[PDB]
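The chain below stands alone and is given in structure tokens; this is the form deposited in one PDB entry.
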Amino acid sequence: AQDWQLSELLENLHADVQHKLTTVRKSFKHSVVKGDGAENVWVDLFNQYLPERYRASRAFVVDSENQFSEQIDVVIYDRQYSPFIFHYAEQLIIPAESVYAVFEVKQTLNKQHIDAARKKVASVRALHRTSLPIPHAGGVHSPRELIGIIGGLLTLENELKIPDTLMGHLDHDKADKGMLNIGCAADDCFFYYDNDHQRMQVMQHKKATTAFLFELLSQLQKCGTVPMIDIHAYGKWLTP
């Protein structure tokens, strides 16, 4: 009957993503659970579907100047090279240099939740990230450029249904720490910063969360490489 079709493989992927997100919906809509655990579904989705070089967790982000971010619903980060991940008071705290992306998880896409997401990503981009020069056989490379951390918002239901209306809420200065580079409203659309247009774009889509996943894969491919971290800038806090 059915022969091999990439469109069917992608519909199957989308069906699995959609089924996992029903748990997010049920959590946010429950009068007792009230959204508890919702971000865990997205964390699990990213650990399932992203390349194995990436790890996802709910976490705080720290820097070597003793500054901390807000609690981040989903952080995508490195563990292959990263010198530490702190496990403290049942929380995870990740050095800022190891971070690729940060997301806020909400039920609905609207003005308040966009603002909330910007505050979260800004609290991560405000942190100081170290980067050492890199010795090699023929000399010393300049310090690696810092990762362009991806900021995003992950929601189920769009409450700004006109694309141009949503566009007006998403438009933001690309250089500002509160920039959102990607996001989705699973029932309706996804959005991203378009480097050609040099502007945010909203795409209505009937398989929005999977279109979002492919956009995220492409952005991760381009966001950079973790730096050689100044480990002693963190280690100096061991004693007064």
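Only the largest set of C-alpha atoms that superpose within 1.5 Å between the two forms is called the rigid core. Note that residue numbering follows the sequence shown and begins at 1.
S.K.: Pick between 142-150 and 161-169: the one whose mean CA B-factor in the entry is higher.
M.R.: Comparing averages over the C-alpha atoms only gives 161-169.
S.K.: Tell me which stretch, 117-125 or 130-138, has the higher mean Cα B-factor listed in the entry.
M.R.: In the deposited entry, the stretch with the higher C-alpha B-factor mean is 130-138.
S.K.: Return the residue from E215, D44, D194, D63 that has the highest Cα B-factor in the entry.
M.R.: If I rank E215, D44, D194, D63 by C-alpha B-factor, first place goes to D194.
S.K.: Looking at the C-alpha B-factor values in the deposited entry, which of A56, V32, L180, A59 comes out highest?
M.R.: Most elevated C-alpha B-factor of the set, per the entry: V32.
S.K.: Should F28 be placed in the lowest, middle or highest third of its chain by the C-alpha B factor in the entry?
M.R.: For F28, whose C-alpha B-factor we compare with every modelled residue in the chain, the answer is the highest third.
S.K.: When the modelled residues of the chain are sorted by Cα temperature factor, does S82 land in the lowest, middle or highest third?
M.R.: Its C-alpha B-factor, which the entry lists for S82, ranks in the middle third among residues of this chain.
S.K.: Tell me, lowest, middle or highest third: where does the Cα B factor of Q221 rank within its chain?
M.R.: Within its chain, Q221 is a highest-third residue by C-alpha B-factor, going by the deposited values.
S.K.: Could you look up the Cα B-factor of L50 in the entry and say which third of the chain it sits in: lowest, middle or highest?
M.R.: Bottom third by C-alpha B-factor.
S.K.: C-alpha B factor of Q107, ranked within the chain: lowest, middle or highest third?
M.R.: According to the entry, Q107 has a C-alpha B-factor in the chain's middle third.
The same protein also has a form deposited in another entry, omitted here; what follows describes it.
S.K.: With both forms fitted on the core, check whether the Cα of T23 differs by 2 Å or more between this form and the one not shown.
M.R.: The answer is yes; the displacement is at least 2 Å.
S.K.: Quick check: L13 between this form and the one not shown - does its CA shift reach 2 Å or more after fitting the rigid core?
M.R.: The answer is yes; the displacement is at least 2 Å.
S.K.: Just to spell it out: taking the C-alpha atom of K120 and the C-alpha atom of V24, is that distance smaller or larger in the other entry than in the structure shown here, given it changes by 3 Å or more?
M.R.: Relative to the displayed form, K120 and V24 move farther apart in the other entry - a change of at least 3 Å between their C-alphas.
S.K.: Since the C-alpha distance between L50 and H14 changes by 3 Å or more in the other entry, give its direction relative to the shown form: closer or farther.
M.R.: Note: Cα gap between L50 and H14 shrinks in the other entry.
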